[PDB]
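Here the structure is laid out as C-alpha cells; the discussion comes afterwards.
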C-alpha cells in the first residue's frame, strides 16, 4: 500500500489539475453566452 | 497508513464526481452556444 498510496496521491494531483483548469473554462464560456446574449439583441434591434 | 487511504479513496472518488459534474456542463454550455450559433446565423439570413 506504501507503493499504492503514493501513486494514488499523484493521481489526485492530476485530477485536481484538470478540475481547476476547467473551472477556469466554465466562467469564460459563461462570459461567451453573456456578450453573445447581447449579440442576439443588437441584430434584432436593427431589424424592427 | 490506511487512515489516509480511507480518506483518499473517499476523496478521489468525490473529486472525480465533481469532474463529471462539471464536464457535462462543458458540453451543456457547448450546446447552449451552438443553439445560439444556429439562432444568430439564421435570423441574420432573414435580415439580408
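Computed values, structure above
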quantity: The lone exception for residue B:17 - which of (1) surrounded by 12 or more Cβ atoms within 10 Å (Cβ to Cβ); (2) closer than 25 Å to residue A:13 by Cβ it fails; calculated: (1)
quantity: Residue in the range A:29-48 that is surrounded by the most Cβ atoms within 10 Å (Cβ to Cβ), counting only those that are closer than 24 Å to residue B:27 by Cα and within 10 Å of chain B (Cβ to nearest Cβ); calculated: A:29
quantity: Which listed residue is under 30 Å from residue A:2 (Cβ atoms), over 25 Å from the mean Cα position of the chain (by Cα) and either assigned to a helix (DSSP H, G or I) or without any contact (Cβ under 8 Å) to a residue 24 or more places away in the chain (or both), from B:18, B:13, B:44, B:7; calculated: B:7
quantity: Any hit, the range B:21-31, residues being within 18 Å of the chain's Cα centre (by Cα) and more than 30 Å from residue A:41 (Cα to Cα); calculated: yes
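Bear in mind that the values in this text are calculations on the coordinates, not laboratory data. All Cβ positions, even for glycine, are placed from backbone atoms using ideal geometry, and neighbour counts span all protein chains on display.
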